Each structure stands twice: as C-alpha cells, then as structure tokens.
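Asker: Take a look at this one; I'll ask things after.
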Amino acid sequence: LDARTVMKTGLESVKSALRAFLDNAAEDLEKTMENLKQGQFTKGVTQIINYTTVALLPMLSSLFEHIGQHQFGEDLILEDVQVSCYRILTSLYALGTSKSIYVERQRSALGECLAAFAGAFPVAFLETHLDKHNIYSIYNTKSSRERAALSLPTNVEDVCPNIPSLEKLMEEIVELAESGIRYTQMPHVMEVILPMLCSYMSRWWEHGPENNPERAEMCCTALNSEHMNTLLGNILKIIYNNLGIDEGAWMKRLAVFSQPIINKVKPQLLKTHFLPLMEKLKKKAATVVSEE
Amino acid sequence: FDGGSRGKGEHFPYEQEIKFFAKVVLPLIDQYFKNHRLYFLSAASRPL
C-alpha cells in the first residue's frame with residue numbers, strides 16, 4: 001500500500017473506503033473492549049475475537065508499520081482518522097495493561113502491534129503539554145467550533161486519559177529499573193510498553209530540539225538525546241535482570257524492536273555503554289539471547 | 001453465502017467460482033504483489 005498521491009488527489013469514495021476500513025477496525029477493537037470487560041473470557045463475539053487475534057492485529061500492525069516506513073502518517077490520518085486511531089490506541093493499550101489470563105497468549109502479537117501503531121502516528125501522543133505546537137494536531141485542524149461539533153474532548157489529556165504522559169511513562173521506567181523485579185509480576189511494561197516507547201522515541205527523535213536546534217521552545221516534542229540514552233540504559237538494566245531470571249524470547253523480541261534505537265545511538269555513546277553490555281552478556285554467556 | 005454459511009446447503013452456482021477464486025486468484029494476488037512490490041510502492045519518489 002502507498003497512499004500519498006491518493007490522499008492529495010483521488011476518488012472520494014476510494015478515500016471513504018479506507019476511512020471505513022480504519023474506523024471499522026477501530027469499532028471492532030471497541031467491541032473487544034466491551035466483551036473482555038464484561039467477561040475476560042475470550043459464539044458470534046467469540047468469532048469476532050478470533051478475527052481480531054488472527055487478522056485484525058496483524059493487518060493493523062502491517063498497515064501502521066508500513067505507514068511509518070513510507071512516512072505516510074502525515075497525510076492519511078488527519079480528520080476523524082486520528083479519532084479512530086485514538087480509539088485503537090486506547091483499546092490496544094487496554095489489552096497491553098490487562099491482567100486477563102486470556103489476553104496472555106496473544107500478548108506477543110499485542111506488543112508488536114502496539115509498537116507498529118506508535119511507530120506511525122501524525123502527532124506526538126505523549127507531548128500533551130506541547131502538543132499545541134503541532135499544527136497537524138486534530139485540535140489545531142478542528143479549531144474550536146468544529147472540535148465541539150465532533151465528539152472531541154477538547155484536551156489531548158482528555159482524549160488519551162488512560163495512557164500516561166511521556167513523563168509519567170519515563171518515571172515509571174526509571175522506578176522499574178530501580179525495582180528490577182521479575183517479568184511474571186510485571187509483564188506489561190517490557191511486553192508492550194517498551195516496544196511502543198522505542199517506536200515513539202524513533203518517531204519523534206528528529207523532532208527533539210537536540211536534533212533540530214531551530215524552532216526550539218516551539219517544538220512539539222521536548223525530546224532529549226540524553227533521555228534517549230537513559231531509556232536505553234534502563235532497558236539494559238532490566239535486561240540484565242531478565243537474563244538473571246532466565247528470561248524468555250519476549251526479551252529477544254524486545255531487543256529486535258529496540259535495534260533501531262541502538263542504531264541511532266552514537267558511536268562515542270556505543271563505547272563504554274555496549275562494551276559493558278557485551279561483558280554482562282558474556283559473563284552470563286549461557287544465554288540463547290543474541291544481543292545486536 | 002452468509003445465509004448459506006450458517007445454513008446446511010453450501011451448494012451454489014458460484015461454488016466452483018469461489019473455489020477457483022480462493023485457490024488461484026487470491027494466491028495469484030499475493031504472489032503478484034510480492035513480485036511487483038516496488039511498482040505499486042513507486043509514487044514518483046524516485047524508486048525503480
């Protein structure tokens with residue numbers, strides 16, 4: 001799929017087709033919300049769940065990962081597509097934070113779908129205090145009266161209440177590295193959040209004022225490269241704990257999801273940060289894990 | 001077929017038609033898009 005020229009000049013019914021596909025995938029996710037809330041148990045609604053966990057998560061994952069690869073998040077999703085994908089975000093984060101035994105055996109697909117979603121999204125959904133700086137923001141597009149005419153909560157914190165801000169997420173990350181407790185008692189973060197964290201980090205890394213010095217204090221994302229390095233090091237600490245707790249392959253999938261971050265990290269940053277990582281790995285050499 | 005899906009009779013004038021579709025055309029679509037990914041992906045951004 002490529003859709004840039006379709007978005008600029010194309011058939012209106014064709015555009016309506018993609019809008020219908022996207023918001024249908026969103027309402028299906030909403031139905032999964034309602035079903036698992038009424039009962040965590042996962043025959044029509046069961047068939048809907050099967051459709052979801054077999055194709056809908058894969059199709060959306062592929063769609064948004066491809067959108068990110070081709071840099072298409074800035075044209076496809078502007079008007080009410082942001083609303084549908086905010087429903088999608090709330091839904092997928094709800095699965096990623098759910099404690100259901102049923103949601104567990106598709107949690108691996110959940111993690112790769114959440115990262116793919118966060119890998120491509122038109123606005124920085126974790127920069128609420130500076131999301132006004134983005135003109136692409138649905139609030140900026142809808143101004144005030146249209147924002148009211150649409151079922152828009154008028155606050156970005158209000159359209160994403162459940163998912164914490166970037167600051168809350170990163171303070172959670174640092175206290176998690178302080179804790180270093182085992183994956184079973186904390187599954188959620190290192191199964192879904194860290195992948196989507198890294199995807200968001202890559203998505204708005206260039207938007208960080210260190211990367212674009214111009215238009216600072218005006219940047220939508222107040223991203224920091226030292227913050228990036230701290231997130232990576234926190235991942236390293238918790239991954240040493242994972243290697244000590246016999247880990248699984250979910251952490252290998254974490255490593256391959258975070259490979260782009262350890263690619264954007266600098267060579268002077270590579271030294272004295274990964275040589276430690278290889279020496280931790282090689283003192284715990286009895287690991288199937290292949291870092292880098 | 002939605003009525004026939006939950007019904008007993010799966011016999012249709014288009015039975016062999018949908019069988020040929022699912023067994024040939026859809027795999028044909030898969031392999032064809034796989035072979036010509038770049039042709040579709042080309043959007044005047046200087047690929048191919």
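Asker: So which residues in segment A:116-140 are in a helix (DSSP H, G or I) and closer than 14 Å to A:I163 by Cβ, if there are any at all? Before the answer, list the steps.
Answerer: Taking segment A:116-140 and keeping what is in a helix (DSSP H, G or I), we get A:116-119, A:128-133, A:138-140.
Passing the criteria: A:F117, A:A118, A:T128, A:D131.
Asker: So which residues in segment A:1-44 are of a type in the set (V, I, T) and in contact with a helix residue (DSSP H, G or I) (Cβ under 9 Å, 6 or more places away or on another chain), if there are any at all? Lay out the reasoning, then the answer.
Answerer: Pass one, segment A:1-44, residues of a type in the set (V, I, T): A:5-6, A:9, A:14, A:32, A:42.
Those that are of a type in the set (V, I, T) and in contact with a helix residue (DSSP H, G or I) (Cβ under 9 Å, 6 or more places away or on another chain): A:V6, A:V14, A:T32, A:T42.
Asker: Could you list all residues from segment A:1-46 that are of a type in the set (S, T, N, Q) and either in a helix (DSSP H, G or I) or more than 14 Å from chain B (Cβ to nearest Cβ) (or both)?
Answerer: Here is the first cut: in segment A:1-46, the ones of a type in the set (S, T, N, Q) are A:5, A:9, A:13, A:16, A:24, A:32, A:35, A:38, A:40, A:42, A:46.
Scanning segment A:1-46 gives A:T5, A:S13, A:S16, A:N24, A:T32, A:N35, A:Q38, A:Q40, A:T42, A:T46.
Asker: Checking A:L223 against (1) surrounded by 13 or more Cβ atoms within 10 Å (Cβ to Cβ); (2) in a helix (DSSP H, G or I); (3) of a type outside the set (D, E, K, R), which single condition isn't satisfied?
Answerer: Condition (2) is where A:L223 drops out.
Asker: Does B:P27 satisfy the condition of being surrounded by 10 or more Cβ atoms within 10 Å (Cβ to Cβ) and away from every other protein chain (no Cβ under 14 Å)? Outline the logic, then answer.
Answerer: Numbers: surrounded by 10 or more Cβ atoms within 10 Å (Cβ to Cβ): yes; away from every other protein chain (no Cβ under 14 Å): yes.
Spelling it out, B:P27 is indeed surrounded by 10 or more Cβ atoms within 10 Å (Cβ to Cβ) and away from every other protein chain (no Cβ under 14 Å).
Asker: Does A:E27 fit the bill of being in contact with a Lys or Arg (Cβ under 8 Å, 6 or more places away or on another chain) and of a type in the set (D, E, K, R)? Give the steps one after another, and end with the answer.
Answerer: Values: in contact with a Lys or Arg (Cβ under 8 Å, 6 or more places away or on another chain): yes; of a type in the set (D, E, K, R): yes.
Spelling it out, A:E27 is indeed in contact with a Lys or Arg (Cβ under 8 Å, 6 or more places away or on another chain) and of a type in the set (D, E, K, R).
Asker: Now for a separate question. Need pairs with beta-carbon distance below 9 Å; first residue under 21 Å from A:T52 (Cβ atoms) and within segment A:1-23, second of a type in the set (S, T, Y); sequence gap 6+ or separate chains.
Answerer: These pairs meet every condition: A:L1/A:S62; A:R19/A:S84; A:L22/A:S84; A:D23/A:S84.
Asker: Exactly one condition in (1) more than 15 Å from A:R87 (Cα to Cα); (2) over 17 Å from the mean Cα position of the chain (by Cα); (3) among the aliphatic types (A, V, I, L, M) is false for A:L22; which is it?
Answerer: (1)
Asker: Inspect segment A:92-113 for any residue being of a type in the set (A, V, I, L, M, F, W, C) and assigned to a loop (DSSP other than H, G, I, E, B) and give the result as yes or no.
Answerer: The initial filter retains those residues of segment A:92-113 that are of a type in the set (A, V, I, L, M, F, W, C), namely A:92, A:94-95, A:101, A:103, A:109-110, A:113.
Now restrict to residues that are assigned to a loop (DSSP other than H, G, I, E, B): A:101.
Scanning segment A:92-113, I find at least one residue that is of a type in the set (A, V, I, L, M, F, W, C) and assigned to a loop (DSSP other than H, G, I, E, B), so the answer is yes.
Asker: So which of A:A115, A:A177 ends up being among the hydrophobic types (A, V, I, L, M, F, W, C), under 20 Å from A:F257 (Cβ atoms) and in contact with a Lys or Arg (Cβ under 6 Å, 6 or more places away or on another chain)?
Answerer: Values: A:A115 fails: in contact with a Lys or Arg (Cβ under 6 Å, 6 or more places away or on another chain).
The unique qualifying residue is A:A177.
Asker: Please work out which one of (1) more than 30 Å from A:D2 (Cα to Cα); (2) within 13 Å of another protein chain (Cβ to nearest Cβ); (3) within 19 Å of the chain's Cα centre (by Cα); (4) of a type in the set (D, E, K, R) is the condition B:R6 fails and give its number.
Answerer: Every listed condition holds for B:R6 apart from (3).
Asker: Something else: If you take the residues in segment B:33-48 that are in contact with a helix residue (DSSP H, G or I) (Cβ under 7 Å, 6 or more places away or on another chain) and more than 8 Å from every other protein chain (Cβ to nearest Cβ), which one is nearest to A:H70 (Cα to Cα)?
Answerer: Of all residues in segment B:33-48, those in contact with a helix residue (DSSP H, G or I) (Cβ under 7 Å, 6 or more places away or on another chain) come to B:33, B:40, B:43, B:47-48.
Next, from what is left, pick out any that are more than 8 Å from every other protein chain (Cβ to nearest Cβ): B:33, B:47-48.
On the way: B:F33: 17, B:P47: 12, B:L48: 15 Å.
The selected residue is B:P47.
Asker: Given the conditions (1) surrounded by 15 or more Cβ atoms within 10 Å (Cβ to Cβ); (2) assigned to a loop (DSSP other than H, G, I, E, B); (3) not aromatic (F, W, Y), which single one is not true for A:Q71?
Answerer: (1)
Asker: Further question: Residues in segment A:165-179: is at least one crowded, with 17+ Cβ neighbours inside 10 Å and outside any helix (DSSP H, G or I)?
Answerer: There is no residue in segment A:165-179 that is crowded, with 17+ Cβ neighbours inside 10 Å and outside any helix (DSSP H, G or I).
Methodologically, a virtual Cβ is constructed for each residue, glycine included, from the backbone with ideal geometry; neighbour enumeration extends over all protein chains shown. The numbers here are math on the coordinates, done by the rules we state, and not lab data.
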